[PDB]
């Protein structure tokens, strides 16, 4: 049986909120809740008297309670038994001390492959209240605007980038996910492309019998590291709100290796307490700051 997750007591002197600018987080949530940084001190399991201090992120639910990301409040991992990797489309959520439930991306495990899940600078998921209302979220370290793609060669963002993503909804006490199967060959997957020349985002989060109807981006504008606009699913219009995540990557000398915005996430909101509401997150599969396209067609290098 899945264990009940207890809240973290952040009033402990060993758990200290991190107010540094470097660790500031941003969350998109449908009905409250956010990811928040802490410095946490814990006794060593191995060395007497030794205290171990590390940076952590906790999820603060809409009720104010804090939860860690751990082993039982994540998506089911795909099987490792063949080359094939299939993400199951339905997942149990972990019950909470409050009577709510929680789930977040299974970021942590190796040889899953499945690049959308390999998030390093964000998380996405959902919290359910004891009353069965849900707040879906995507939050993380925002992509600094000064190191977005193209800024180093033009002074502003330019070109295009394509992201490999997963969508999450909550249906009937379970988390349900968009179709994803890999074998960088992808049998089924969901892709979003940002055109920084035109400031547009396009793409489709692919549905199935569990997730429900696909979510098609319709008119989404991109301003700096944030975006917003409309999407459709089954005839219903939802409001898209999201952003680009992850700092830039540098070579040892300080030279830019990859721009900021290597991850992406957000929410799609079809109405207060709508079961269609979604969060999503994923990773940058490809980018080209020099692309002069004016459309949101995907980049498709092998």
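Numbering follows the first chain given and starts at 1.
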Chain break class at residue 218/residue 219 - deposited residues not modelled: none
Segment of higher mean CA temperature factor, 124-132 or 158-166: 124-132
276-284 or 14-22, whichever carries the higher mean Cα B-factor: 14-22
Residue selected from 150, 203, 199, 78 by maximal Cα B factor: 78
Candidate residues 141, 214, 228, 82, the one whose C-alpha B factor the record puts highest: 82
Third of chain Cα B-factors occupied by residue 195: lowest
Among modelled residues of the same chain, the CA temperature factor third for residue 299: lowest
Assigned third (lowest, middle, highest) for the C-alpha B factor of residue 70: highest
Position of residue 61 among the chain's modelled residues by C-alpha B-factor, lowest, middle or highest third: middle
Within-chain third of residue 39 by Cα B-factor, per the entry: middle
